[PDB]
């Protein structure tokens, strides 16, 4: 299972951001809104294949969550689909990026702005977000945003769709990695 693949909670489907690790302990990042109120994660709709359980969740304000792997046999690739990921980096205006998500698959575009505030309503406001012209659709939450072999962010949300075009905001992945003391591999 790798970046962009579907993950199932008891409520819905999201996408796996990046496989990360600390010592000998494997995790995976996803969106906070997705880890919020979720305990167990499975790799399929039938919920027969277990991935792990939520180890942290930060949402609103930020938009990242982490899941500890409890599955011992599932392959945990340090990639996004086939794309090898080797480091994480900070987004920059004009940077060219690619998002992979369980619903729309892969789409590319660029970073149009940083430190964006997104207001999802009823007090769910997220701050410090990367704005981009990349589309995304329901299912795609938490999937990766990368640039070449660099990890950049996690899909959080936006407007539009992939048919007519849209704007998607992403959580900086560096923020999550530091919070959890984990790193990409």
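Residue numbers count along the first chain shown, from 1.
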Which of 159-167 and 12-20 has higher mean CA B factor, as the PDB entry lists it: 159-167
Given 90-98 and 71-79, the range whose Cα B-factors average higher in the PDB entry: 71-79
Selection from 144, 52, 37, 56 [criterion: highest C-alpha temperature factor in the record]: 37
Out of 136, 66, 46, 129, residue topping the C-alpha B-factor column of the entry: 46
Ranked against its chain, the third holding the CA B-factor of residue 28: lowest
Ranked against its chain, the third holding the CA B-factor of residue 1: middle
